[PDB]
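# Architecture and fold: a report
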Amino acid sequence: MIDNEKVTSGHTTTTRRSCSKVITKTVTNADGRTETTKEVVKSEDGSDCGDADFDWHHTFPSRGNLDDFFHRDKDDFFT
């Protein structure tokens, strides 16, 4: 119903790399259409953002959850 993409309000993100940021949105429409938006950017230096990694992401067919937890942030205990 409502064949129209919502306004999709969101920070739209801006910084990538300094923190782990992976954006994959794959839309499969049984009508025969298929678009794939993929953007993997992982800090190539250091690798320690948000006390570990800002946002985790994962790989969903279209949308539903990150199989992790957005805004991830916690102390890695102490080896």
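We now examine the UniProt feature "disulfide bond" in the chain. Judged by the 2.5 Å criterion, the disulfide between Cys19 and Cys49 that UniProt reports is present, the sulfurs being 2.0 Å apart. With a gap of 30 residues between them, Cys19 in the segment before β1 (21-29) and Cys49 in the segment after β2 (33-41) connect regions that are remote in the sequence.

This part takes up the state of the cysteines. Covalent bonding between the sulfur atoms of two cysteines is what defines a disulfide. Under the criterion given, the structure shown has one disulfide. Shown here is the disulfide that connects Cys19 with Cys49, its sulfur atoms set 2.0 Å apart. In this structure, the disulfide formed by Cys19 and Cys49 twists by about 65° around the S-S bond and is classed as right-handed. Among the residues examined, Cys49 registers a relative accessible area of 14% and is labelled buried.

Quick look at a negative patch on the surface now. A grouping of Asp48, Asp51, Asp73, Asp75 and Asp76 is seen on the molecular surface, where their side chains present a negatively charged patch. Relative to the assigned elements, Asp51 resides in the segment after β2. Relative accessible area serves as the criterion here: at 37%, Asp51 is assigned to the partly exposed category.

So, on to unusual backbone geometry. Of note, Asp55 is a non-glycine position whose phi angle comes to about 65°, a positive value. The topology assignment puts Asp55 in the segment after β2.

Basis of the calculations
- Residues numbered from 1 in each chain as written, not as in the entry; some residues may be left out.
- Heavy atoms only, no water.
- Disulfide = S-S within 2.5 Å.
- UniProt positions renumbered as here; feature names shortened; annotations may be inferred.
- Helix = DSSP H or I, 4+ residues; strand = E, 2+ residues; numbered from the N terminus.
- Buried < 20%, exposed > 50% of the residue type's maximum accessible area, 1.4 Å probe, protein only.
- Patch = residues over 30% accessible without salt bridge, like charges linked within 9 Å, V, L, I, M, F, W, Y side chains within 5 Å.
- Areas by Shrake-Rupley, 256 points an atom, 1.4 Å probe, with all protein chains shown as cover.
- Salt bridge = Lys/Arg side-chain N within 4 Å of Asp/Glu carboxyl O.
- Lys, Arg positive; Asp, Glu negative; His and termini not counted.
- Charge placed at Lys NZ, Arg CZ, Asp CG, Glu CD.

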